[PDB]
Amino acid sequence: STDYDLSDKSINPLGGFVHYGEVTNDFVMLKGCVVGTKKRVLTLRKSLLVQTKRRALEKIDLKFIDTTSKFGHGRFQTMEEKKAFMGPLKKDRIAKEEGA
Amino acid sequence: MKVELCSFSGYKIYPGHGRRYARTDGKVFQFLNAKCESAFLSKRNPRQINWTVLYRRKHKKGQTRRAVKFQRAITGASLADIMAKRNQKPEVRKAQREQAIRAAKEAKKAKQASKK
Amino acid sequence: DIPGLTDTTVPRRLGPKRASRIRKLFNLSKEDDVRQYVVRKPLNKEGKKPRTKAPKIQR
Amino acid sequence: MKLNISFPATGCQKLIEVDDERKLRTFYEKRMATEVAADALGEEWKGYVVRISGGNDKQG
Amino acid sequence: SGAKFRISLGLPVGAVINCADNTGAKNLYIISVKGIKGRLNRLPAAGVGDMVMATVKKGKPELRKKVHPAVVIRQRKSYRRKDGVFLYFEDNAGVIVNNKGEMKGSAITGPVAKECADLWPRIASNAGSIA
RNA sequence: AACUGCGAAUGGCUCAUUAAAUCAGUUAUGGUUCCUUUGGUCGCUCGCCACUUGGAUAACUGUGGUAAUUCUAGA
RNA sequence: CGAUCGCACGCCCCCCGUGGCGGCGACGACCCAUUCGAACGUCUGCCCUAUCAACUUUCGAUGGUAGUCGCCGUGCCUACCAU
RNA sequence: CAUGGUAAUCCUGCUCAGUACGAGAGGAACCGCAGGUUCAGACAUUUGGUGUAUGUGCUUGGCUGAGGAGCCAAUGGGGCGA
RNA sequence: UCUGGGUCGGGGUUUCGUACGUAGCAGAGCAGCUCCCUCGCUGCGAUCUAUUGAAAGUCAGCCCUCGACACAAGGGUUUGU
Ligand SMILES: [Mg+2]
Ligand SMILES: [Mg+2]
Ligand SMILES: [Mg+2]
Ligand SMILES: [Mg+2]
Ligand SMILES: [Mg+2]
Ligand SMILES: [Mg+2]
Ligand SMILES: [Mg+2]
Ligand SMILES: [Mg+2]
Ligand SMILES: [Mg+2]
Ligand SMILES: [Mg+2]
Ligand SMILES: [Mg+2]
Ligand SMILES: [Mg+2]
């Protein structure tokens, strides 16, 4: 949830991370790509250099974090958004029939 | 958190998804995925495709008054002036009517006397 | 009150001209001193003698 | 941005120049002939609801 | 100021693209791209906003057998616009300019890419719409 | 000043088009329309405002936008 | 199937006493006629060229029937036929 | 960590600056900023490619009496595709 | 182990695009029955509409289960300052 988003959603995409599982503990969101497969152990290290360029020392303020399904062409950010857009289905109709 | 776009299928396209198509005649279209862009480019009608929101809307699938007059002052007659004029109901209007009646009567008698 | 916006009501430049509208404004029923109940606008410029101008009523 | 503010019950229209985008963000994403609360224009405009009658583009 | 970001090129040497101005030429055959240092066996390629050298194949005889500087204004290869939009056009098209980036023609048919428009102000003026 | 009405479809210019086309003479419209002028018709119908009914906008006052136009907005 | 405007203004007064009546116009009109026309047609008439002799007819060309459109007559257009 | 390998490169634009210099015409550079070229090492969120998930529709010829469900045609063909 | 990992099942995600059957006074039309009917009633008929964003697949290298089922203190070869 960014301050421009204010949605009760976690970093987990709709349907979980493909070939990893569900992220529950602390996480570090790094710019760009990282070596290794999914669920590969990585060592993070302090920079040996002095960060003086303008690319470094820049305040990164996120406006939006995508959480669509990565298991295909996901088009919804949350379960509730999907349900609100798509309305009741046959499964929910028979479930409400059983609940009464 | 950019502008939120809509597709061939009418679905919501979030930033970083889909492709934007700029036609030569100036029309700009955006699609959610290659399934939607293939249907559009093959001149397929979205109202005949059951998962499109245009179909679900065409087939109907799944789904003040007031009159306020504000009084204002005018040049020559203030709000109190027009109030005093319109509140002449208690017999003042009748007095004006009868004085007009006698003025007409005296004018007509004077006209008769002058003619004769 | 907003300063200079919601206060100091300004008057309309001119009142009703149709006799029906004068009667509607002044709650006249019928045939009571209509030509003298019309609003007369006073002109009082400094360089000229003051007078009051009455509009030509219609209908 | 400027605002041509008019109160028909008394006339006396006047122009108010507004610079802070936080004041105008309550106006943004609206249409003409829509009533919005002007409470974002400081305390002085609290209790005021105003209808967007029109305007002119950056080019006039 | 601002420098143009890298985009997908998709128009190598030997591409025949439409000529969108009212100059009188029908198409441009790209023979080289400006600023290409090059690499072995690699064809020089251009995207929108790039200045190419071109010869017109169909058009007026007084234009036909000559080399003209040209600028690409529309490409059919999809390119990413740094905000996540992947944009492509219905056809490849460019206009004929001089060495100063000033158009020989006086009008452009169809849209002009934003990357080309802000890079060439003279083309942006004659552009109908910007995509 | 502005609204309303009328005129602006006349005049003037040129001869590019145009070879039964235009055009000249002849005849027809019982196969059509027609501002205006002039002459007819306007109590010919049986059927709680009529001593006269409603609303809006100009002009006008005031606040503007635009570099710009015989551009115009809100009140 | 007149809710319009101007001009000098006058008659009746029993019932009364404030009303009812009047001339000259201007503007306005559904329709008819006239004027100005307009539009499409009737008959006849045009320069050179055969190193232009056969054209038109799929896509209206000629005609019929019934329509559409047009202010109106008409392949002006449509459908079906005849060639 | 002995030892061995070893890698980054070049250009453009803005600013400097219509500045230094120059009679004039012309016309730099250092710092800083924004991006590219060639190369390298990765990576798959996105866009694209693949696609026998032989996943799901469509479809030709034949075959199972027909329906339903399928199959065969050396991947039947084709659309979309995790 | 305060159990474990499997196999089915469920849910999520996602892919395709709306299943079979049934119903319809939807349907170009055509064919039979007329003491009937007074516009009928029986069929054939691609396709359409509703049930039905349905049906089907989805880890085999997708995500979460704590539902069901059995199974897991078993086996073999070596290794000493
Ligand atoms: Mg994915
Ligand atoms: Mg009058
Ligand atoms: Mg070679
Ligand atoms: Mg000529
Ligand atoms: Mg070393
Ligand atoms: Mg090296
Ligand atoms: Mg078959
Ligand atoms: Mg079958
Ligand atoms: Mg066999
Ligand atoms: Mg064989
Ligand atoms: Mg494909
Ligand atoms: Mg499962």
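The residues of chain A that appear here are 304-403 by Swiss-Prot count, in order.
Cβ from N, Cα, C; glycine included.
Non-local contacts of A:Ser304 (phosphoserine) by the CB criterion (under 8 A, 6+ apart in sequence, same chain) comprise A:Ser310, A:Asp311, A:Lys312. If you look up Swiss-Prot, you'll see A:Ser304 marked as phosphoserine, on the strength of a large-scale study or a structure entry.
In sequence order, A:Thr305, A:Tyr307, A:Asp308 make up the list of same-chain residues 6 or more apart from A:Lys366 (SUMO2 cross-link) whose Cβ falls under 8 Å from its Cβ. Sequence annotations record features per position, and here Swiss-Prot assigns SUMO2 cross-link to A:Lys366 (among others).
In this structure, A:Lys366 (SUMO2 cross-link) belongs to neither helix nor strand by DSSP; it is coil. Residues or ranges marked as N6-acetyllysine by Swiss-Prot on the basis of a large-scale study or a structure entry: A:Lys366 (among others).
The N6-acetyllysine feature in Swiss-Prot is assigned to A:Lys373 (among others). The number of other Cβ atoms within 10 Å of the Cβ belonging to A:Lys373 (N6-acetyllysine), over all protein chains shown, comes to 16.
For the recorded site, A:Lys386 (SUMO2 cross-link), the DSSP three-state label reads helix. Sequence-distant neighbours of A:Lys386 (SUMO2 cross-link) (same chain, six or more apart, CB under 8 Å from its CB) are absent. Per Swiss-Prot, the feature SUMO2 cross-link maps to A:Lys386 (among others).
The Cβ of A:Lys393 (SUMO2 cross-link) has 7 neighbouring Cβ atoms from other residues within 10 Å, across all protein chains displayed. Among the features that Swiss-Prot reports, SUMO2 cross-link is placed at A:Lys393 (among others).
Remark: A:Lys399 (SUMO2 cross-link) has A:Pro391 as non-local neighbours, by Cβ distance under 8 Å and separation of at least 6 in sequence. In the three-state DSSP assignment, the secondary structure recorded for A:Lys399 (SUMO2 cross-link) is helix. What Swiss-Prot records for A:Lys399 (among others) is SUMO2 cross-link.
Counting only the Cα atoms, the space from A:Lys393 (SUMO2 cross-link) to A:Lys373 (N6-acetyllysine) is about 25 angstrom.
A:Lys373 (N6-acetyllysine) falls within neither a helix nor a strand when secondary structure is assigned with DSSP, and so counts as coil.
Ligand 1 lies under 6 Å from the Cβ of A:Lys373, out of the recorded positions A:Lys366, A:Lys373, A:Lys393.
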